[PDB]
Each structure stands twice: as C-alpha cells, then as structure tokens.
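Peer 1: Below you'll find the structure I mean.
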C-alpha cells in the first residue's frame, strides 16, 4: 500500500584494485526499502570481453578472474510491491 | 467432484383444471440432486398469448389469471457444480 | 458369573401401588453386525440424490441402541386401560434398565450352508450416554423400540446421526463422533449390564378431557356487570349513527368479557377421509403448513397441539397436524387410508383452536365515515398473555419423552408429538458386537484388518419404569366416558394374537377419557 | 434484544458532578441565584472489576471446533493494536458463538 | 532427532507370542524337535493409559494467538473422520507449536 | 507520606563484608512524556527505509524503564579495583530497588516562555515485570543506564520492543503488548516504590587470569609413556617408507598426548589498529563473521569468547569479536579509532583460540602411495568433548546480566557480551507519567482525549545489589599483576571530573588480573 520505491546503495562506488588481486567485492546488501528487497540483480555494462559475464543475484557481489580493463555494474533492487531502483557501481582494474 | 447431474421432478406431469379455478400449482421442489439445487427455473413453451409470461424461479410454481388453452412448462434445475436437468410439465385449462 | 449360569431372570410384571405403577418389561433382542464394524458418512449423495429439503449429511455407526421410547414397551393394553380410566395424570419417576443373558453367536457360511455356532470368548460392548455428549436420536419417533408384545424377538436398530451440511457437503463445524471414544463395558456370555436413571421433575400428563369449554366458563343465569357495544346505527337511514351499549349476559354469551383465550394456532389444511370431498389436485406437499430453517422447508407434522375438527365432522383431519400410526402388516409407501390409524385430538377442542380453522378475526383498518369496518383473518397466532392451551395426547403406541434441545431459550418444551420434554431424558444405551478378526496374515501389514468373523449377538433386555399417578377426585354425578373393549363377537380378540401368532394393536388408545372441568 | 443480560436490578448508575464554585458574590445581598461560577473541570482514575462465572466445555466431539484465531499473514498493523499514530482500533466485531453444542 | 522425549529407561517392550501347540507327536520316540504344530492365532483387547503433565500458558500477549482450527468450509468428508468406506484418514500432520512464547 | 516529607533518603555507600559486598547506589532521574502517551508501531518503513538485514517491526510504548545493567551503576572505580585485585570471582546474590522522592512537574509554554510548576495531585505509575510476560530489552547493551557518577542526573529511556516481521509487515503471530494491561502502582509526590529480588544460582565470574597454558599442562622433566608417529620415511629415496615411533616428552612438547583441547572457535577478520597494515578496500561488512536467521544476516559482535590476538601483537583486534566502548564526548557515527576503547580479551588465550586464527588443521583425504597427506583448515569449530574454554570478561562499563531466551534448549548460556546469564534476571521496572487531560469539551465527544497537560516527572532511584565474592588462596610466590592508577603527573585525575565537571571513564577495566593455574 502506497509503498515507496526501494533505494539501491552500493558501498564501493569507485572500486580500485590491481591485476594480482582480481577477486574483489561490491556490497549491495546495504540497499534500503520501506518493506524489504526481494531481489538484488547485478549486471555489467562496460565490462570488457572476458571468460564470463555477470548476472548474479546475490546481494553482496563476489568477483573473480578479472582481466585488466574498466568495469561498470548496475545493481537492480526489487520492492515487495514491484518497485525497482537501479544504481551503478564502478570498478577499475590495473595492469 | 464427479457430481451427478440433478434430476428435475415435477409432481403433476399432467395438470388438469377448469376456467373457474385459474390459480393452480406445479410442484418442482421434489427435484433431487447429489448435493443441492441452487436454482429452479420455470419457463413456458406452449403458453398461449396472455397478460404475462412466466419465468419464475420458485421451486414450487404458483400460477394465476389463467386463460383457456394448453400450457407447457419446462423446469430447469441447476446443480451446485453447474450441471442442469430440464423436464417438462403440462397443464390444460378448460373452457 | 459363568457360561453355564444365567445372568438374570425374566421379569415382565406390572404392579400397581397406592400412588404409582412400576411397569417392568423384558424382551429378547438380536444385535447384528452393522456396517461391518465401520463408520461411514451418509448423505443424500450416498442415497442416490435427494431434494434440497431432504438434503442431509451424517455418519452411520456400527453401534446398535436400545429405544424403549414408546408407551406399549411398558404398558399392556389392560394396564393402559387401568391407567387412563382411573387417573387424571401420570409421569415417570425412575427407570431401571438391565441387559443380561448375553450370548454371542458365530455363523459360518463356508460350504454354502450357514452354521451358527457359539462364541463363548467373544464379547459385546454396551455403554450408556449418561452425559448427553452424543446426538440424541431417541424422541425422533423412530422404529426399533421394544415390541409391544412380550413374546416376540426384535432386532436392535443401527445408531446413526446427522450433522450440519450445505447440501450433501460437510461445513467446517459439522462434528464427527467416534463412539469408541467412550468408556464402554465389555460383556462376555456370563456378564450383564444394568443402570438406573431418575427422571426429571416433568409435569403430569393431562390424562383427562375437559368437561367445560373455555368460552362457556360462566354462570348461565347471571349477567355480567360489563357492557358491550351492541349497535352502531340506530336505523337504516343515511346519517343514522349511534353507540348503543347493552349489558352482556346469558342471552348473548358470545360477546361477554372473558379472562382467558384459546391457545396458539398454526393453521393446517383440512383433508377429508371421504376422498370425494377433497380437491382433485395434488395438494399433499404444496398445500401443507411448513416451517423454513436455513432455506429448506420441513413439514410441521404435527405442530402445536390443536383440536383436529369441530364437533360433528369426524372425517376431517389436518393435513399434517395429527399423529398417524400404521396397522399391523402395513407397508411403508403409499398405503390406503384404511391401513393407517389417524389419531383424533378433539378432546382438547375446549381450550385449543381447531387445527383446520383460523384462530379468529382481527380489525385491519380504522373505520370512519368513508371506510367500512374491515377485518381480516388470523391464520396463525403466536402466544399471547392469558392464553390457555392443552398439550397433545400421549398414545399407547406414541412416544414417551424427548430431549429438549440445548438452546438459550424455549417456550413450553413439551414435545409436539406428545410426551414429556426433558433436558436430561433417559440416556442412550448403545451396544455393539466387538469385532473379532478372522485371520491376520503371518507377515505384518500396516493396514487395518478388514476380514472379521461374521457373528451376531442375542440376549434379553429388561426395563422397569416407575410412574407416578394422579388419582381422580371429582364430584361429577353421572358416569364418565371410559375405555372399554366392546362386547361383540369377532374373529379375533383385539389386542391379541390371531391364528398366525402376529400381535396387532387395532387402534390408537389415547389418555383423555376422564373429564375435568376448567 | 441488543444482546446481553436482562436484569431487574442492573449495576447502579454512578453519577458524578463537579460541585459548583461561585466566582465572586456581590458585596451587597442579591436574592437571585449565583450565575457567575469558577470555570473548572475534574479528572482522575476509575477502576471497575467484574467477576464473571464461566461454563466450561465438555463435549465428546471428535473433530476440531471452529475457534477465533488471529490470521497469520503479514499486514501493516497488528489488528487490535495501535498504529503509527497511536490510535487503537478494533478491526471487527467478535461474537461468542464459536464452540459447537448440539441441540 | 525425530522428535519426542529421550529416556534412558523408556516404556518397556511388551512382547507377546502364541505358545506353540504340537499337532500329533509320533507314537514312537523321535529325538528331533517337533515341527508339526497346530496352526492357530490369538486375538483380544489391549488398553494403554498414559498420564501427561501439562504446562499451562500465562502470557501477557494482547492480540490473539495462532491456534489450530478445523476450517469451516463445506467438503465431501469431515477431516479426521471416516469416509463412505469407513476408512479413517488423518489429512495433515498436526504439530504442537501454535502458542507463542518470546525468548 | 505527605507532600512535605521526603519518601526516602540518599544511600550510595558500598560496604565490604567478610564474603560479600553490598553496593548501594542512588541517582536522580527525569522521566519525560513519551510518544505523547501513545502506543505507536515502529518499523523500518517508519524510519525511512532500511535494508533486509536491518528490517524490523515493533511498538514504541509511552513507558520509561530503569536499567541498572552496567557494572559502573554500582561499583565505583576504587570498588572495582578492590573487587578485581583481591577476588577470584563474584556473583550477585540479591538486589533491593527503591524509587522515592517522586515529584511531578507541570510545564506551561502559553506565552512563549516555559514555566515549570508543581503538580502535586498528579501521579506517576511504576510496575515491575516480575513474571517476565513482556519483551526483555535489558541485556541488549543499550544506553540509559544509571550514570557511572553519582552526581549527575539521567533521563529514563523509552521502552519499545520488536516482534516478528516479514519485512516491515507484521506476520500473524507478532504480539502487541499493552503495558496498561499490567497492575501498576500509582504514586503521588508522597508515595514511593520498592521491591526486592533474589538472583539465580549463576556461577561465579572467572575474575582471574590463567597462569598456565592449556597445551603446557605437564611435567617439563618427565616424558610420557605414550608414543607418537615421528617419521614416515626413513630417507630421501623413492621407495623408502617406514613408521618410526618416538616417545613424546619434554624435548617435543607439541606432539604429546593431552586430555583437553581449547574451546570452540568462530573465526573473525583480523583488522589492525595501524591502518596502513589493513587492506585498501571496504571490508567492514563484507569481510565480517555473521550468522543468518530467517534469511537476514546479522553480525556476530562479539560471538564466542576467543582470545583477541597472539602474544606480541596488541594492534590486531577481531573485526567484531571484541566489545568496543566510547570515550567521554564521543559521537555515534564514524568516530576515529582513537575515540573508542577496544577491549582486549587476551587474558583467556591460555584456554581459548585466537579470534583471528583458525582452530587448527584437519586431515581431508586418505593418503596412499599416490595421494599426498592433504590437510585442511578449521575456520570454525563447534563444541567437542574435552573442550575447555573461558567466558568473556565483564568490564566496569559492560553489561552485568542477560535473560536466557525461553527455548527448548541452549548450550552454556553465559551472555556472549559478558555477564551472568539468567533464566529469571532482574525484572524490568517500567515507569510512566500518568496522562492528565487538559480540558475536555463541555459537550460529550466519543473520541479519545488528545489534549493532555504537558508535564514531566523527576525523583530519586536507589538500587542495592549484594555480591558474593570468591577470595583468593594461592601459593604463588611472586607478586601478581594488579590494577593500579599510574603515579605520574597528569592534567586530570583519571576516573574523576575535569574542569567542566564532566566525569570520564578513561579505559575499560576488566576483571582478569589475579592468576589461577589450570
């Protein structure tokens, strides 16, 4: 009933890491909602061609086997009543 | 669940009456069903043109202001699950 | 206490004392195995399909029951004559039910010829529902009572009960009662069951007629000191209107003031035993007086105690307002009018309205110079202050008591079929042959055993009710009407067996013979 | 007819009134009744304690009866409890006829 | 782990056996154990009565609790009762955890 | 008993006896009017919106409460020094709570300037939840306790409670508790409230350190009579495999057999107070040890009692496995590491595993001629037989007790935050200013009165707990470590007020100072 749309809060807006440590994390479990979030959706936009894409549904994003490049991920949260809110997260990996 | 269709039982199959006593009765409340009848429907077929038609929904049919002629009524019963059964009832009124 | 020693003697006497009668009664019963030891739900869906009025839902238990709720289970015809010719009333005080000489038989039809053997180690379990935690099917005027005649054996009825339904389907609050959830009593061939019961404080049955009408309760020689509006116009002209009051007295007994009025009415249809005086149409159900409950109609049958007919017209009986009994050897489907016994309730015409006539007139408008005095008919009349009525008669074949339904209220809870209405009537005595499995498999099987030994039970049953009596003390001079066996030669003695040994009750005997003025 | 217990002698009417306090009578006598009172009100606590007898159930019914339950399904407000404004609401009329007793 | 009360000394195992009845021993002695028995079975009644202690509820909870009710809606068969064939069926597993108790 | 006679004196002593200490403590409180006398449901929806982990649903009552569930509400720093330097343990025996010198004030801001008057006829109602029928919000390590310093006044916290939820919404079994449905005690300015409470039989707090490690529990001179597999290959060749067992003794103390093993572990993340030694990423929440309950994660904080760090590395603390207190005048949002007090739990490194290290190794395959002996790490280890651990320390600022949740079972119910776990802890003392309506309309209005007199209450509160003590009797020769106030000139005396009169506790004082060998 007259629910406010959720808010997606990615803790690391600009994630920075080098090539040796590819396994990084982007936290989206801090995203708030007036009731509760039924689905966290992670999708990449600027991700360079690699072994695999990302479409994980975990609230906290675990990354692996990164290659050098610039990554851009958008977190989509879903209210219990269907309202959505998508915010973007950036990750730059060095040579 | 696998309900048997109802059975419409009109007590007077051939109702006979003269012109002085027009108010007659056709009993359809004896119609049986495996569960219960949700609607008794009375409709006339051979009824000569008169002041009014009949489409009553009472189980027991009350008639009035008859005119001489031959009447034919069909009683439609409805099972709780939608099954129907229509049987006819006859009434001849004398001069 | 053993197999070869009887567990009770045959007492069937009836001893009349100074102010009470103690009618003992013993019978032999035969209890079959019902439902094959199963509980089954029963509905109009099971029975092939019934109308909305006859829709029902219930369960049929494997239990029999004992029902001595008819007056001939205790009173011989001569005892009934003694009771009704000499007393102004009676009521039961206490009963003593005994169940003895039990003997369970085992029948084997293995070869095509049945061989009823004796099962000494098998039991029958009987319990009495003395807290009234079960549906009370007694007082429904059912069959299976102890027979009227002591000599014949009777088969114990099956115990089933109805509950709430929406059609054939069970609503959520429709109870299911397991009768194995009651502490029973397991009786072998050497055991016996007995219990005692103290009847309620029910009023005496009005075992008398009234020798005085309700409207003729007055001195026919003195006139009242009250006036009544005799005339409203003093002539035949146009503008001749007056109010002429005349004293109401013996000359005009109809209009004079009265303190009490006849009992409540609920009109029935007047059907005549001379079929040429009835209508040519089928008015049996359509012309009947019914009452609706949760949508589905149900016949009155018999409804409030009203006089059956006016004086002089014995043929007319209310369409459903009288108890109809069956003669000996009468079928149960569309028997002729000469094979049933329709009980007249005319002894109460002094206080009660005629069942086939309206209660009276009532004014239905304000008359003025322009509107005539318009008055209507009162087909049904509920209770009013000052109403006096009299309850329905009890008959030798009729019910004795009934259970007043547990409700937040009731009015005058005497059963409409006659008898004594009790909050706590004699408890239901429920008996069942304990199942005996035939042969369990040598390997375990979780399923409930379905192969039982086919066996039945038989024995004696003794009920003894002590009835209080209300002796007559009247200063009436001339002889009263009394029940007599007519002295005229006949092929068979009435209320006795014929050449085939079948005992027949030839008429319904009421109780209202002695007269008591209002 | 509205439900309840009809009594010839029901609980007595408890009648309470703030006793009038005149403001200022004139310094010269005036036969008229005093019409200028001090405007004042009263407050306090009130405690009523009724002892109800009960009629316990003893039925041999096998299957469960219908009973009044608070439905377990998520809702904005707990029923029969205050909402975010602190206003207490009774969300339905609760009868008494739930247990079944045969006639 | 299946639920219930774990006891060092639970109710003892009640073990029952039909005592063997030989059919016909030979008229001449035979050392071997008798193998021809009368085929027979046994039947009777059995009564067990357990007395359970109870822990009554005393909670200051305001709103109604969740309670086990038989749903009031028309159905072919009363649940927890026999059907037209007389076979008794338990239609669901009923737990015990209905009343609420805070930690 | 009147307005002008005090209802209780100020007792704030602390008398040390032969085997117990009776720490009395009195404070002045100020109880405002909460919620404007209203009960309101509170949720993350009300609070603007929270994540799935922080979702909640509950009610905020207009009731205050008294919470003396911190150790400095009773013990002065000198009393704490006496307790911990001299005793091997302590436990509370009984308390005596008194609430006196009540005085309800009425404030009027009609002209823009507030005028706090005195309302003598208005009451405050206080009750103690001694049957534990309410949610127990004490033991949650909340604020609003009696202040550490006797001189300052404190404001009584609001009493709210959480219940079950599916997001912000109430599931059907989420209870609502009206605290007016409890028999309270209505106190005017001349009344007082007091109650006594007897603590449970809780074990003594291990107010000592261990002067002996768990793995060094043995004679360092004699060797065991047990053998251990020393060598598995007798050389460096290819097919050289043997089983050479050598006796385990003082030479190799690591491998010799032991009867008991360190307590359970649940690993934390090792974060260093030297921020240049941490990772450059935000590992605060993602790298934390949580436990999931009905889907939503919640931080361990602090979890099982484990040693904080190995010997020699004081900087490292577990990410959430230690109690962190705030210094005086410290904000509540992202304060620097030098404004908080992180409590070390290294006194229990003798028995407990290090919070930031794995419990140990475990073999994770069957080695054969083809597969090497592969072994894994045990990050978290539940209870095993023979495990010995030691509970978390209680601190001067830390909690005293907690209520063991009513469940079908628990293991070692000592609170993970330190203290004494009781099934029946000191009851919640709930106090509320009774509403006083301002002016009802002269005409009846069915609505509940919403205009109240704005008023607050104040008074004194006295709690006196009697603690049992466990005296030291050790044959240790050299002096023990004891808590001393360092003798070196400083601007302010520690544990005392500064020039502004604000009392500051400069460090968290534990209890484990005296040593007791295993």
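Bear in mind that the values in this text are calculations on the coordinates, not laboratory data. No Cβ is skipped: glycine too gets one built from the backbone with ideal geometry, and neighbour counts run over all protein chains shown.
Peer 1: Between residue B:83 and the same site in the other copies, what are the distances in nm, shortest first, taking label points 7 Å from Cα along the C-beta direction?
Peer 2: Its label point is 5.2 nm from the equivalent points in the other copies.
Peer 1: If you fit an axis through the alpha-carbon atoms of helix F:77-86 and take the longest principal axis of the Cα set of chain F, what angle between them do you get, 0 to 90°, nearest 10?
Peer 2: 30
Peer 1: Listing F:94, F:476 from the residue with the fewest other Cβ atoms within 10 Å to the one with the most, what is the order?
Peer 2: F:476, F:94
Peer 1: Which percent of the Cα-Cα distances in region A:12-95 go past 20 Å?
Peer 2: Value for region A:12-95: 31 percent of Cα pairs lie more than 20 Å apart.
Peer 1: Another question, if that's okay. How high is the relative contact order of region C:376-518, in percent, counting Cα pairs under 8 Å that sit 6 or more residues apart?
Peer 2: Here the relative contact order equals 22 percent.
Peer 1: Find the relative contact order for chain C and round it to a whole percent, using C-alpha pairs within less than 8 Å whose residues are 6+ positions apart.
Peer 2: Answer for chain C is 27 percent.
Peer 1: Tally the DSSP beta bridges in the protein assembly as shown and give the antiparallel ones as a percent, rounded to 5.
Peer 2: 90
Peer 1: At 25 °C and 0.890 mPa s, grab the translational diffusion coefficient of chain F from Stokes-Einstein with a Kirkwood Rh over Cα pairs, rounded to a whole number in µm² per second.
Peer 2: Using the Kirkwood radius from Cα pairs, D works out to 91 µm²/s.
Peer 1: So, one more: Sorted from fewest to most neighbouring beta carbons within 10 Å, what does the list E:75, C:174 look like?
Peer 2: Result, fewest neighbours first: E:75, C:174.
Peer 1: Let me ask something additional. Over chain E, with a Gaussian network built from C-alpha contacts below 10 Å, which listed residue (E:13, E:45, E:55) shows the highest mean-square fluctuation?
Peer 2: Highest fluctuation of the listed residues: E:13.
Peer 1: Other chains near A:84-94: what is the mean number of their Cβ atoms within 10 Å of each residue's Cβ?
Peer 2: Rounded to a whole number, the mean comes out at 0.
Peer 1: Something else now. Quick check on the exposure proxy: order F:178, F:12, C:73 from fewest to most C-beta atoms within 10 angstrom.
Peer 2: Going from least to most buried by this count: F:12, F:178, C:73.
Peer 1: Same structure, new question: Determine the shielding of peptide D:54-65 by partner chains: average, over its residues, the number of Cβ atoms on other chains within 10 angstrom of each Cβ.
Peer 2: Mean partner shielding for this stretch: 6.
Peer 1: If you don't mind, another one. How large are Rg and Dmax for region C:346-486 when only the alpha carbon atoms are used, in Å?
Peer 2: Radius of gyration, then largest Cα-Cα span, for region C:346-486: 28.4, 100 Å.
Peer 1: Still on this structure, please answer the following. Put a label point 7 Å from Cα along the Cβ direction on residue B:65, then list its distances to the equivalent points in the other copies in nm, shortest first.
Peer 2: Between copies, matching label points for residue B:65 lie 9.1 nm apart.
Peer 1: Can you grab the distance from the C-alpha centre of region C:233-295 to the C-alpha centre of region C:96-140, Å, no decimals?
Peer 2: So the separation of the two Cα centres works out to 55 Å.
Peer 1: Which distances, shortest first and in nm, link residue A:94 to the matching position in the other copies, using label points set 7 Å out along Cα to C-beta?
Peer 2: Here residue A:94 shows inter-copy label distances of 11.9 nm.
Peer 1: Which whole-number percent gives the relative contact order of region B:12-95, counting Cα pairs below 8 Å spaced six or more residues apart?
Peer 2: Contact order relative to length: 40 percent.
Peer 1: May I ask for the distance between the Cα centers of region B:55-95 and region A:66-95, given as a whole number of Å?
Peer 2: About 73 Å separates the Cα centre of region B:55-95 from the one of region A:66-95.
Peer 1: Next up: Separation of region C:402-418 and region E:42-75 by C-alpha centroid, Å?
Peer 2: 34
Peer 1: From the P(r) of the protein assembly as shown, could you give the percentage of C-alpha pairs in the tail past 50 Å?
Peer 2: In whole percent, the long-distance tail amounts to 61.
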